[PDB]
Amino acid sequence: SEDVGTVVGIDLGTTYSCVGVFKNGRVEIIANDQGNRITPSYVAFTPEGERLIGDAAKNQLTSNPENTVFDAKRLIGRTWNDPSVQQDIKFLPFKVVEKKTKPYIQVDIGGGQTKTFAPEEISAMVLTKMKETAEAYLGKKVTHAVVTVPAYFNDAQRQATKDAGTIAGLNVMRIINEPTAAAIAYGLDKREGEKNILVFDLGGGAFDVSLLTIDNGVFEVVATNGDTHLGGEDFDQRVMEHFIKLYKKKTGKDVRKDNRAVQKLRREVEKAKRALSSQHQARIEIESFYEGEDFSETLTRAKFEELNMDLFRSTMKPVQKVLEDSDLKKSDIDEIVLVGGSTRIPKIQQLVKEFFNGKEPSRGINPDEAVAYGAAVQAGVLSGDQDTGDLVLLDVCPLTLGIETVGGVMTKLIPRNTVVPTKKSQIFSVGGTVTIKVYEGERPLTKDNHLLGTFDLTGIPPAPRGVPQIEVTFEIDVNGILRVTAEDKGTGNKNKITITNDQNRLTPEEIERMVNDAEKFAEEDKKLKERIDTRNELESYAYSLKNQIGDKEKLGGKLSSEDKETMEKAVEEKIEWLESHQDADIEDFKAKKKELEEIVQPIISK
């Protein structure tokens, strides 16, 4: 088998991402080059050609909103006609365009150049940054990763996250659902017997709920449900829609058309929201908001709640379904674990306490980091030689799979909350070329569920006395992803299997371009780095020589007025040169260094 190296655990979140590693019997959550244990899931393209990621991209959002990309997780794995995609793009500053019926991100990379990106490639960039953050901490290179996804992500969404991993040069070994991961972080070291645990994950863009059983070191997911388009960014968006309206009331101006203004508002709103988790009031002051004029308002916690109460309450609907599916009731639940930054909002904590008749949720557990914590643990296990505690994971598929039948009937195949890996065989007697439409979801009619894909069977052998019997097998792997194979029961030895997979996915050719484009950008970013670092060598060398000459105690007492004048001039010449050619290329600097060394070298060696 493969030497998988150190395996890293990544929480690839909507607004934030987090990387951990298991080593010396301990999880370390890894800080980035700015000393932050979490990293904004942002990428930006500066007018000067530069491609920024994380905190740096985020810090230039309001000065360059149209080419700062964010919330790409809300687009990953979706189609154009998805209602969720069409609602989202109405509040995104960067262009989003259809192609191959998928939403692609279109931006300006600088110098009049337009690039269109698949959300997978934007997520790849975020993951690459997380890879590098780890590689630095370890002092070595990394190739395998465990990556989280929300429990309720469907098949496309899982696959796309995996592809994203690939494009960033990572083998995604295991996709792990976020509440499961958090559960490990909660209940790894627990030795209290079988206890029912409810994990309530509310982050930046997605909502997951799972009921687990945790007996000692054995984790079993009983039931799962959530909303993949519901989170912090939606609370922010309600508070923005409000202040825009308010500002038009009070000033007559509609600021919706100016992305700078909106984005400045988003930034400060978010900051207000956070404050309102520990205060009752927050001033939102934005200087030079619109046209030239300043903005100034107060958001009370009460108002933040009126605006968002429908959304807060809708988190209880999946929590019910979870219990209903678990055949358990509220009093059975031993602990309710909260993860995701959005669970810091008091009203969410309150609605949860009330739903469980006054039961107090669990503290102790960092809601921003827990999900990566658990991923890191699961990475340790996969890294081979690590001393994690006992860990057993049984996790489930979240959505019933079925096929369309006469009428448009969702003829069920694999129920939801089935443990994975699982498979289901199915004999068909249709010959010729049969088309199978698979579907995802709990509704008894096909129209009302999500189309996963269309699988054509072209292989079937032709009979002498008629009709072939084909066994179609639907396997769901440990990651949650469907694979579909076939075999006929008419031939000994020959089994004739042909699956054309008419399905909205990046091809292996498309993935190859995007991987090579990523490798190009790395090389490009590497050379921009060599151009900076060698301009600095020159500039330092020059300044250093200028000290040594003016220093009568060391290298300037040794010089004659002839050689002193020639040194002063050679250095003074190259400095006011460097000051006016900042845009010079790598070879210009290499030359000027060597022009200056030519002259200095004979002189200093006397």
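Just count from 1 along the sequence shown to find any residue number.
- Higher mean CA B-factor, judged across 23 to 31 and 40 to 48 from the recorded values: 23 to 31.
- Higher mean CA temperature factor between 65 to 73 and 545 to 553: 545 to 553, per the PDB entry.
- Listed residues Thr251, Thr161, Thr454, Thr116 were ranked by CA B-factor as deposited; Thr454 comes out on top.
- Taking the PDB entry at face value, the top CA B factor among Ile365, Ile175, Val255, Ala183 belongs to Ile365.
- The entry lists a Cα temperature factor for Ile460 that places it in the highest third of the chain's modelled residues.
- Among the modelled residues of its chain, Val434 has a C-alpha B-factor that falls in the highest third according to the deposited record.
- Among all modelled residues in this chain, the alpha-carbon of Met567 has a temperature factor (C-alpha) in the middle third.
- The deposited CA B-factor of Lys58 belongs to the lowest third of values across its chain.
- Split the chain's modelled residues into thirds by C-alpha temperature factor. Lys529 is in the highest one.
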